[PDB]
Amino acid sequence: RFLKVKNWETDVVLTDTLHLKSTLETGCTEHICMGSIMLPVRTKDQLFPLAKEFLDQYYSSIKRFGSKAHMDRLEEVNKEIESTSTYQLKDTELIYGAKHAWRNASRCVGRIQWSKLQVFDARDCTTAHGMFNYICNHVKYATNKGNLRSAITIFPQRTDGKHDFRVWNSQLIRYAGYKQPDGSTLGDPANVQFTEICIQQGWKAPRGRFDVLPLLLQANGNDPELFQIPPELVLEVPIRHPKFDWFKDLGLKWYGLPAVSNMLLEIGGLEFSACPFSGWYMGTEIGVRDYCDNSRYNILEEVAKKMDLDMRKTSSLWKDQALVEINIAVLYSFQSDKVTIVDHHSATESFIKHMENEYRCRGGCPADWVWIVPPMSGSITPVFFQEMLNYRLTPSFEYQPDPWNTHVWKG
Amino acid sequence: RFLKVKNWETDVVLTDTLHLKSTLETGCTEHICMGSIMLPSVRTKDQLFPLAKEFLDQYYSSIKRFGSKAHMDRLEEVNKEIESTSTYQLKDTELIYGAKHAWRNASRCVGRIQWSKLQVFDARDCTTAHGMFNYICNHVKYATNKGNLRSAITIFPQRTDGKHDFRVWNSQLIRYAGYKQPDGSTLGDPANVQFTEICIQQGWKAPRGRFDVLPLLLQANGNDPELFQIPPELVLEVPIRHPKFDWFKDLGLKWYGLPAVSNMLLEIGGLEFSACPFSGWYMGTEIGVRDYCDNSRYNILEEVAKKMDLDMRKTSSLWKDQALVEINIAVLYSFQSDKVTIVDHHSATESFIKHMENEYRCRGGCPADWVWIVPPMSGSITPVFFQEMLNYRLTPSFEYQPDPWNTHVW
Ligand code: HEM
Ligand code: HEM
Ligand SMILES: COc1cc(N)nc(CCc2cc(CCN(C)C)cc(F)c2F)c1
Ligand SMILES: COc1cc(N)nc(CCc2cc(CCN(C)C)cc(F)c2F)c1
Ligand SMILES: C[C@H](O)[C@H](O)[C@H]1CNc2nc(N)[nH]c(=O)c2N1
Ligand SMILES: C[C@H](O)[C@H](O)[C@H]1CNc2nc(N)[nH]c(=O)c2N1
Ligand SMILES: [Zn+2]
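Protein chains in written order, with the UniProt record's numbering: chain G, 299 to 338, 348 to 718; chain L, 299 to 339, 348 to 716.
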């Protein structure tokens, strides 16, 4: 069975056959589309075929399908599963799985880079202090003094679900948010709940406006522990505007390194619940979302007020105007400081090239249009006109519940 | 079974039960989501009666006479008519209800808060293209209303056996001509390049300007289509100027006030109305973001950025974005100065969030296609960006249909 997607700006038509390797559910049915819905331990029983399918992919990629090495690995894994109820990945398999999890992330517009991932094997880690060391080395490597480098650090896989490794932060670097008694918020409104957990865990909060949060790190199912990232490792960029001299006076800055730390990496049925990964920013993830969301820094009003816009009626598009200016400043600031960043025009253009190349050599490229189209100026980017098929391939990155909702406290 | 939709800006969570009355197919499976695919790539007496019963059932429910004397009698009456004639005819009240609810059920339409205010023009007695023309002129005049735009639909005879179809060949009743240049570029509107040529291919006398209003190409009862020129005094146009830059007028832009879709099919109780032009009023981004700044449309993006003297060498200057905003400020300012109805994308999306809440409250759901509801600019500063939506097909409905120049036996 062969499916087709059409680009409505260029009439280019591609043919998807990779969807035949799709596995778990999309959430949709013949009677409902859940395409705009954000969200949805293993027995040897269902683990055997999950491992086999992964190894079949792996040995196909290295042109060794059905080789003696393939069959011995199959036999050795299945023996390990039935005698221990799980199995260990080789280094080679682990690297392959992490890269392919990214290659399969249908919501990620940056996947053109998927094969250039630095994989740090932290599966020998045993304590939160060890996790801290591993994460410090990741941040230093990835940052690279502003010449950012994609990377992932993989902590031990889940066993019985009672000994999980977890990074409680949603991203490795993020600013605190403080709800004031009068109802206003100091800092990042998105991080108010997590900031409270940290303060309750004993974090002495400076209660400034751009306080980097501590790492809250859980090893082997023990209670999590607080660590402060050394400030010399946290690269930051003061935000200024190339024409508006008053923009610096807003006093804004943003960190350089986007590092997702709350997701679950699934490879051959194995679940890696702590796997921070990092790349580099698209400008709009700071300037459209991290300041101008009604639920974030809401400098949207202030920028408009200082541009002296008509804020009486929305049809003056004063919100749209200030939104553009803030995104110009973010890109200008990062480039001036030689900190890697990509604007949404370059990133979407690169993704279309990636997507076409993937249809050629792979038979498809799963993609979530709802997330691929940028949060501003959508229809002047080339992905807006691009039909996209969405399906789940494994290995994959998955959401997992917040650990504070599931953790059993030791005391 | 009782699905939940969350708004991630407000944490409001609505429960959808209306989807259980869904019917047609989405295109998706549990293995593959086609939510970003544009398109879905006569009735026999047995297929027809359940469809009619379903519709009559929801009609008599809406007037709180479900299972009443009138209900069962009407149910029986249509049963007899179908067994006899192999089709049936709608009562005027049912026709009006069906059309309003096809609008209410249009999951790609952000403007649905107004759905119950539709003016329905019953044109089922029409027999000829001249008659169609008359009905369409009256529609345009009524809908335009001197700039105080009013939603309207005109419904021509339903399909019978597929041979005697009524079709408006134009995709919209009012559209600007587009001619390809003997060398490279395009004059007018490139989306209409084929149509603008099909008209001359039939006998049009193209004034060969940029903004030449296309003639109507009306097909009645399956015969060859006929050209008609809409009296220009019926075509309200707004000159586009900017509330700042006076060079903006120099661009010499204008757009028509009346968006009027005319190539879709309306399905009520199993019956198919192949010619059912409907109109409302524009959202500002439909003209400026899409009609002006699309690459394959007017593409004056470069001109506007050039006249703003913006750095156009690196994309990271966001010069396209900057120009795009100013163009959409001008469109809104121009319509508003001329007292021609228009809504900005902030107002329309806010209105739609309110409409959603109303529908979940008094109806149990609201089918909605996020890929189409989110505006093509400034998406994440509008309330619909963070609103999860469930998409499903209810009937009565508006459906796509092939272009008649492939279908018609000339
Ligand atoms: C290297 C430059 C990268 C860029 C420019 C980029 C860009 C983006 C953007 C804009 C999103 C949308 C998320 C949102 O709006 O909240 C996203 C999502 C995502 N990216 Fe990438 N990304 C990059 C690197 C990576 C890497 C290194 C990985 C994994 C190894 C990755 C995996 C993902 C995943 C799993 C998502 C899903 C997010 C979710 O579901 O919330 N990305 N990316
Ligand atoms: C009164 C003001 C109205 C507004 C502001 C409005 C707004 C919109 C917009 C922005 C779209 C997106 C379509 C596109 O981008 O091409 C749309 C789609 C649609 N609207 Fe509305 N609309 C209005 C009135 C109506 C009426 C009166 C009807 C029917 C009686 C209707 C039915 C539809 C349908 C069927 C679609 C889907 C179009 C398609 O599938 O291509 N609308 N609407
Ligand atoms: C792994 O590397 C990545 C690089 C880039 N650019 N984006 C992502 C997506 C994940 C991600 C999303 C957001 C959006 C913030 N919402 C609250 C509005 C901010 C981030 F800081 C971040 F990290 C990952
Ligand atoms: C029936 O009433 C309606 C009112 C409004 N505002 N929109 C529609 C959808 C039909 C429609 C949509 C668009 C979108 C911009 N494209 C250039 C991509 C432009 C139109 F010119 C038009 F006609 C119908
Ligand atoms: C490929 C994609 O589905 C296609 O370009 C859609 C996207 N969303 C849209 N949204 C609106 N309002 N109008 C459109 O024509 C489209 N086109
Ligand atoms: C409700 C909706 O699915 C939700 O707000 C999504 C929509 N698209 C998005 N797209 C991006 N890039 N990032 C997001 O957080 C979201 N949020
Ligand atoms: Zn779907």
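Ideal placement from N, C-alpha and C gives every residue a C-beta, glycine not left out.
### Bridge partners - G/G494, DSSP secondary structure assignment
Position 187 of the first sequence holds residue 494 of chain G. In DSSP, G/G494 forms a bridge with G/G484.
### Task
Report yes or no: is there a C-beta of chain G within less than 7 Å of the C-beta of L/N697?
Against the second sequence, residue 697 of chain L aligns to sequence position 391. Interface residue, yes.
### Message
Mapping the DSSP letters down to three states, classify L/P708 as helix, strand or coil.
### Response
Start at 1 with the first residue of the second sequence, and residue 708 of chain L comes out as number 402. Residue state for L/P708 is assigned as coil, using DSSP reduced to three classes.
### Heavy atoms of ligand 2 versus C-beta positions, residues under 6 Å
Taken from the N-terminal end onward, the list reads L/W409, L/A412, L/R414, L/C415, L/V416, L/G417, L/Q420, L/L424, L/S457, L/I459, L/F584, L/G586, L/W587, L/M589, L/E592, L/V649, L/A654, L/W678 and L/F704.
### Task
Would you mind telling me which residues of chain L sit closer than 7 Å to G/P496, beta carbon to beta carbon, in chain order?
Within the first sequence, residue 496 of chain G is the residue found at index 189, counting from 1. Residues of chain L passing the Cβ test: none, with the nearest at roughly 11 Å.
### Task
Return yes when at least one heavy atom of ligand 6 lies under 6 Å from the C-beta of G/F372, else no.
Counting from one through the first sequence, the residue named residue 372 of chain G turns up at place 65. Checking the Cβ of G/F372 against ligand 6 gives no.
### Task
Could you tell me the distance, in whole angstroms, from the CA atom of L/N605 to the CA atom of G/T713?
As a first step, residue 605 of chain L is located in the second sequence; it is residue number 299 there, counting from the start. As a first step, residue 713 of chain G is located in the first sequence; it is residue number 406 there, counting from the start. Cα to Cα, the separation comes out at about 54 Å.
### Message
G/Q425 and G/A458 - do their beta-carbons sit closer together than 7 Å?
### Response
Taking the first sequence and counting its residues from 1, one reaches residue 458 of chain G at position 151. Taking the first sequence and counting its residues from 1, one reaches residue 425 of chain G at position 118. Yes; because the gap between Cβ atoms is below 7 Å, this pair is in contact.
### Message
Nearest by alpha-carbon distance to L/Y666: which of L/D530, L/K304, L/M438 and L/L312 is it?
### Response
Position 360 of the second sequence, counted from the start, is the residue given in the question as residue 666 of chain L. The shortest C-alpha separation from L/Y666 is found at L/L312.
### Query
With a CB to CB cut of under 6 Å and the five nearest residues on each side skipped, what residues in its chain are close to L/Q707?
Residue numbering aside, residue 707 of chain L sits at position 401 when the second sequence is read from its first letter. Closer than 6 Å at the Cβ level, and outside the excluded window around L/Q707, lie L571.
#### Entry: Straight-line gap, G/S684 to G/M695 (C-alpha atoms, nearest Å)
For the purposes of this step, residue 684 of chain G is taken as the residue at position 377 of the first sequence. For the purposes of this step, residue 695 of chain G is taken as the residue at position 388 of the first sequence. Here the alpha carbons of G/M695 and G/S684 stand approximately 19 Å from one another.
### Task
Can you give me the Cβ contacts of G/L322 inside the same chain, cut-off strictly under 7 Å, excluding the 5 residues immediately before and after it?
As a first step, residue 322 of chain G is located in the first sequence; it is residue number 24 there, counting from the start. Excluding sequence neighbours, G/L322 sits near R699.
#### Entry: Distance, G/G509 Cα to G/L524 Cα
Locating residue 524 of chain G in the first sequence gives position 217, where the first residue counts as 1. Locating residue 509 of chain G in the first sequence gives position 202, where the first residue counts as 1. Their Cα atoms are separated by approximately 14 Å.
### Message
What I want to know is whether the C-beta of G/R349 ends up closer than 6 Å to one or more non-hydrogen atoms of ligand 3.
### Response
Residue mapping note: residue 349 of chain G aligns to position 42 of the first sequence, counting from 1. Outside the cutoff, so no.
### Query
For G/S368, does the three-state DSSP call read helix, strand or coil?
To locate residue 368 of chain G, count along the first sequence from 1; it is residue 61. DSSP places G/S368 in helix when its eight states are reduced to three.
### Query
From L/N440 to L/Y394, what does the alpha carbon distance come to, in whole angstroms?
Here residue 440 of chain L refers to the residue found at position 134 when the second sequence is read from its first residue. Here residue 394 of chain L refers to the residue found at position 88 when the second sequence is read from its first residue. Roughly 26 Å separates the two Cα atoms.
### Query
Is L/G563 near ligand 7, going by C-beta to nearest heavy atom under 6 Å?
Within the second sequence, residue 563 of chain L is the residue found at index 257, counting from 1. No heavy atom of ligand 7 is found nearer than 6 Å to the CB of L/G563.
#### Entry: Integer-rounded CB distance, given that L/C672 should sit under 8 Å from G/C326
Residue mapping note: residue 326 of chain G aligns to position 28 of the first sequence, counting from 1. Residue mapping note: residue 672 of chain L aligns to position 366 of the second sequence, counting from 1. About 18 Å separates the two Cβ atoms, so there is no contact after all.
### Query
So which residues on chain L does G/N634 lean against when the C-beta distance must stay under 9 Å?
Taking the first residue of the first sequence as position 1, residue 634 of chain G is located at position 327. Contact note: G/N634 reaches chain L through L624 and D627, using a C-beta cutoff of 9 Å and chain order.
#### Entry: Nearest residue (CA-CA) to L/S339, options G/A405, G/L301, G/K319 and G/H470
Within the second sequence, residue 339 of chain L is the residue found at index 41, counting from 1. Minimum Cα distance to L/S339 is reached at G/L301.
### Message
Quick check on L/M618 - is its C-beta less than 7 Å from some C-beta in chain G?
### Response
Taking the first residue of the second sequence as position 1, residue 618 of chain L is located at position 312. Taking Cβ atoms only, chain G never reaches closer than 7 Å to L/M618, which makes this a no.
#### Entry: CB-CB length for G/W561 against G/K613, believed under 8 Å
Taking the first residue of the first sequence as position 1, residue 561 of chain G is located at position 254. Taking the first residue of the first sequence as position 1, residue 613 of chain G is located at position 306. Actually they are not in contact, since the Cβ atoms of G/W561 and G/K613 sit about 19 Å apart, beyond 8 Å.
### Task
Determine the chain L residues that contact G/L316 at a beta-carbon separation under 7 Å, and present them in chain order.
One-based indexing of the first sequence puts residue 316 of chain G at position 18. None at all; the shortest Cβ gap to chain L is about 11 Å.
### Task
Specify, as a first and last residue, the run of the alpha helix (DSSP H) that L/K560 falls within.
On the second sequence, residue 560 of chain L is found 254 positions in, with the first residue counted as 1. It is not in any alpha helix (DSSP H) - L/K560 instead sits in the beta strand (DSSP E) that spans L559 to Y562.
#### Entry: Boundaries of the beta strand (DSSP E) in which L/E578 is found, first to last residue
The sequence position of residue 578 of chain L within the second sequence is 272, counting from 1. Element bounds for L/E578: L577 to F579.
### Euclidean distance between Cα positions of L/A512 and L/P538
Locating residue 512 of chain L in the second sequence gives position 206, counting from the first residue. Locating residue 538 of chain L in the second sequence gives position 232, counting from the first residue. Going from the Cα of L/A512 to the Cα of L/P538 covers about 15 Å.
### Message
Does L/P689 come out as helix, strand or coil in the three-state DSSP assignment?
### Response
As a first step, residue 689 of chain L is located in the second sequence; it is residue number 383 there, counting from the start. Here L/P689 carries a helix assignment [DSSP, helix/strand/coil].
### 6 Å Cβ shell around L/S602 - same chain, five flanking residues per side excluded
Translated into positions along the second sequence, residue 602 of chain L becomes position 296. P496, listed in sequence order.
### Message
Between G/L564 and G/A449, how many whole angstroms is the CB-CB distance? I'm expecting something under 8 Å.
### Response
Your numbering for residue 564 of chain G matches position 257 in the first sequence. Your numbering for residue 449 of chain G matches position 142 in the first sequence. Contact flag correct, Cβ pair sits at about 6 Å.
#### Entry: chain G contact for residue 253 of chain L (CB, 7 Å cutoff)
Since the displayed chain L opens at 299 and closes at 716, residue 253 of chain L lies outside it and no answer follows.
### For L/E532, the first and last residue of its enclosing beta strand (DSSP E)
Position 226 of the second sequence, counting from 1, holds the residue named residue 532 of chain L. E532 to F534 is the span of the beta strand (DSSP E), which, as asked, contains L/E532.
### Query
Within 7 Å (strictly less), CB to CB, does L/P356 reach chain G?
Residue numbering aside, residue 356 of chain L sits at position 50 when the second sequence is read from its first letter. Among the CB atoms of chain G, none fall inside 7 Å of the CB of L/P356.
### Task
May I have a chain-ordered list of the alpha helix (DSSP H) segments no shorter than 4 residues that lie completely inside the stretch 429-487 of chain G?
Runs of the alpha helix (DSSP H) inside the stretch 429-487 of chain G: 435-450.
### Task
Taking L/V637 as the query, report the chain G residues whose CB atoms sit under 9 Å from its CB, ordered along the chain.
For the purposes of this step, residue 637 of chain L is taken as the residue at position 331 of the second sequence. Residues of chain G passing the Cβ test: none, with the nearest at roughly 10 Å.
### Query
Just the Cα atoms here: how many angstroms apart are L/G594 and G/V646?
Sequence index remark: in the second sequence, residue 594 of chain L carries index 288 (1-based). Sequence index remark: in the first sequence, residue 646 of chain G carries index 339 (1-based). Cα to Cα, the separation comes out at about 35 Å.
### Query
If you run the structure through DSSP and keep just helix, strand and coil, what is L/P545?
For the purposes of this step, residue 545 of chain L is taken as the residue at position 239 of the second sequence. Reduced to three states, the DSSP call for L/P545 is strand.
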